[PDB]
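1. Partial complex follows, first chain(s) only, in situ:
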Amino acid sequence: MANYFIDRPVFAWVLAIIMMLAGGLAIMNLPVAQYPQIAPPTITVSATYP
């Protein structure tokens, strides 16, 4: 399988660049947070009785 790419060098480079593009878009547009969202989902019920 290597000979498929050795004789076609710059196409692997093109794949590398599209990997950089995808990684940059992911790292930029992802909801980056300092810590994992271990906080469980919470539902709050509010009522007022004046």
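-> Happy to help now that I have it. Numbers count the residues shown, from 1 in each chain, chains lettered A, B, ... in the order given.
2. ok, residue A:18 - how many residues close by?
-> 10 (other Cβ atoms under 10 Å). For every residue, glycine as well, the C-beta is placed using N, CA and C.
3. same check, this time on residue A:31
-> Taking other Cβ under 10 Å as the neighbour definition, residue A:31 ends up with a count of 5.
4. before we move on, what about residue A:44?
-> Residue neighbour count, defined by other Cβ under 10 Å, stands at 4 for residue A:44.
5. same thing with residue A:29?
-> When neighbours are counted by other Cβ under 10 Å, residue A:29 registers 8.
6. For it, give its distance to residue A:12.
-> 26 Å (Cβ to Cβ, to the nearest Å).
7. What residues of the helix or strand encompassing residue A:4 count as buried?
-> Residue A:4 belongs to helix A:2-6 when assigned by DSSP states H and E. Residues of helix A:2-6 classed as buried by neighbour count (16 or more other Cβ atoms under 10 Å): none.
8. Put this one in as chain B:
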Amino acid sequence: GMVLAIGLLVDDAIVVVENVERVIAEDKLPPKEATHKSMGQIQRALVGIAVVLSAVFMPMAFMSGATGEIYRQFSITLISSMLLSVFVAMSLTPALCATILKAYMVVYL
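-> That brings us to chain B, laid onto the chains above:
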């Protein structure tokens, strides 16, 4: 989408059949072994073109949006199109041809 996908299938099939017919006409050989000899000439881009198109259309389906969903109706059908094409050209047509074949820059501006 699949209409534009139609035209990119016939080229490989016709190249294969013309190679098979020249092989049998030259060697006076039965179609089976002639075909078995026949793949060792055109192993080139006809598969690589499909591979490259699948690769270039690979990362389009990981972004969202209504316009993105519209573009999926092209992209997914295309990747399926060359995947089916590369399947059929190496699978179906050889079986047929074995079993049925009887013996100026300013001008561009």
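9. same question on the neighbour count of residue A:18, but now with chain B added
-> When counting by other Cβ atoms under 10 Å in any protein chain shown, one arrives at 14 neighbours for residue A:18.
10. Where does the residue in chain A positioned nearest to chain B sit, in terms of helix or strand?
-> Each residue of chain A has a distance to chain B, by Cβ to the nearest Cβ, and the smallest belongs to residue A:22, at 5.4 Å. Counting by DSSP H and E, the element that carries residue A:22 is helix A:9-29.
11. Send me stretch A:10-22 as CSV with only the CA atoms.
-> What follows is the C-alpha trace of stretch A:10-22 in CSV, where atoms were taken according to Å, rounded to 0.1, in the frame of the first residue of the first chain:
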residue,chain,number,x,y,z
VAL,A,10,2.0,15.3,-2.7
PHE,A,11,-1.4,13.8,-2.4
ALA,A,12,-0.6,12.6,1.1
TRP,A,13,0.5,16.1,1.8
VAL,A,14,-2.8,17.4,0.6
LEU,A,15,-4.5,15.0,2.9
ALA,A,16,-2.3,16.4,5.7
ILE,A,17,-3.4,19.9,5.0
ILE,A,18,-7.1,19.0,5.0
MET,A,19,-6.5,17.3,8.3
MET,A,20,-5.0,20.6,9.6
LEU,A,21,-8.0,22.5,8.2
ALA,A,22,-10.5,20.1,9.9
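12. slot chain C in:
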Amino acid sequence: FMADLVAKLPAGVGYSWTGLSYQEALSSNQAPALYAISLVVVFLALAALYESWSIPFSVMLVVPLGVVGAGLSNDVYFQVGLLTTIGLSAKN
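-> This next block brings in chain C, placed alongside the chains you saw above:
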């Protein structure tokens, strides 16, 4: 032009588009970015097959000049049809 007309109306009156007009407005204000990235993708496509600026892919390097050279408009379908025509010429 109708937006400017509304701008001529007395203050306190706004405007908004709904139905089809909202869809086309939502398409248009983001169309240039998606078209630019699609052009980059198709440039990579026409830059990876014939190994870099090798023979024709250097003349396809002149294609962006023709693109920038190119009030008449075209619909959404033809915007992808032109790309498909370029691709089929490339395959030819």
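13. Please re-evaluate the neighbour count of residue A:18 in the presence of chain C.
-> Other residues near residue A:18 number 18, with proximity taken as other Cβ under 10 Å.
14. residues contacting it?
-> Residue A:18 makes contacts with B:55, B:59, C:44, as judged by Cβ atoms under 8 Å, 6 or more residues apart in numbering or on different chains.
15. what do you get for residue A:11?
-> A:5, B:52, C:48-49, C:51.
16. Go again with 7 Å.
-> residue C:48 (Cβ atoms under 7 Å, 6 or more residues apart in numbering or on different chains).
17. And residue B:47, by the same measure?
-> If you count contacts by Cβ under 7 Å, 6+ apart, residue B:47 has them with residue B:86.
18. buried residues in stretch B:69-79?
-> Within stretch B:69-79, the residues that count as buried by 16 or more other Cβ atoms under 10 Å in any protein chain shown are B:71, B:74-75, B:78-79.
19. all strands in chain B, in order from the N-terminus.
-> For chain B, none of the segments meets the definition of strands by DSSP state E.
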